[PDB]
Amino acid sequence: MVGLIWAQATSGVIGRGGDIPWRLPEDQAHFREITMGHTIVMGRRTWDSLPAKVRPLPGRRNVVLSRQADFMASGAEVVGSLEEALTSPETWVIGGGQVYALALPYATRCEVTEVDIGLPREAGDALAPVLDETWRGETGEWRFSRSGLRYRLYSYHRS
């Protein structure tokens, strides 16, 4: 099982300036619940975004994709191809934009948080992958985050 999990603005933006232009504690807790215990696979730029104290993310096999043969990620495995990362019953691809696009052909689940923020797409933004007709989606109800932004959870599945 390969799943993708991400949070996006309604525009599709997932990252900007190497970080994220929001933070919803409820979305982080949801991310923790879904990924805990499993393999998480991330691009090197997303590893760089992690604060030193949650590097590695605890209780998970942290895998970092890089073309740098000597890149060092203390507490993670660095691999040079996505296929090397897929050796566990449940693998969660946690981004960013480049790695979501690379992993989508392997994926059967997407757990999406839509953040009700009006954020036009700018050059250099990382974007969510586009999900074609093979993806069956189910939406949850809109929820208020204590951050003040509304959000809702989408669960996409395909065989």
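C-alpha atoms forming the largest set that superposes within 1.5 Å between two forms make up the rigid core. So that there is no doubt, residue numbering starts at 1 and follows the sequence shown.
Chemist: Fitting on the core, do the C-alphas of 61 to 69 or of 46 to 54 deviate more in 9 other deposited structures of this protein?
Modeler: After the core superposition, the stretch with higher RMS deviation in 9 other deposited structures of this protein is 46 to 54.
Chemist: Overlaying the structures in 9 other deposited structures of this protein on the rigid core, point out which of 135 to 143 and 12 to 20 has the bigger RMS C-alpha shift.
Modeler: The more displaced stretch in 9 other deposited structures of this protein turns out to be 12 to 20.
Chemist: Taking only the CA atoms, which stretch has the higher mean B-factor in the record, 28 to 36 or 121 to 129?
Modeler: Per the PDB record, 121 to 129.
Chemist: Which has higher Cα B-factors on average according to the PDB entry: 62 to 70 or 49 to 57?
Modeler: 49 to 57 has the higher mean C-alpha B-factor.
Chemist: Would you check the entry's CA temperature factor for residue 108 and let me know if it's in the chain's lowest, middle or highest third?
Modeler: Middle third - that is where residue 108 ends up once the chain's C-alpha B-factors are sorted.
Chemist: Would you please rank residue 15 by its C-alpha temperature factor against the other modelled residues of its chain and give the third it falls in: lowest, middle or highest?
Modeler: Lowest third - that is where residue 15 ends up once the chain's C-alpha B-factors are sorted.
Chemist: How does residue 2 rank on Cα B-factor within its chain, lowest, middle or highest third?
Modeler: Its C-alpha B-factor belongs to the middle third of this chain's values.
Chemist: Please place residue 136 in the lowest, middle or highest third of its chain by C-alpha B factor as given in the entry.
Modeler: Its C-alpha B-factor, which the entry lists for residue 136, ranks in the highest third among residues of this chain.
Chemist: Quick one: classify residue 150 as lowest, middle or highest third of the chain based on its Cα B-factor.
Modeler: Its C-alpha B-factor belongs to the lowest third of this chain's values.
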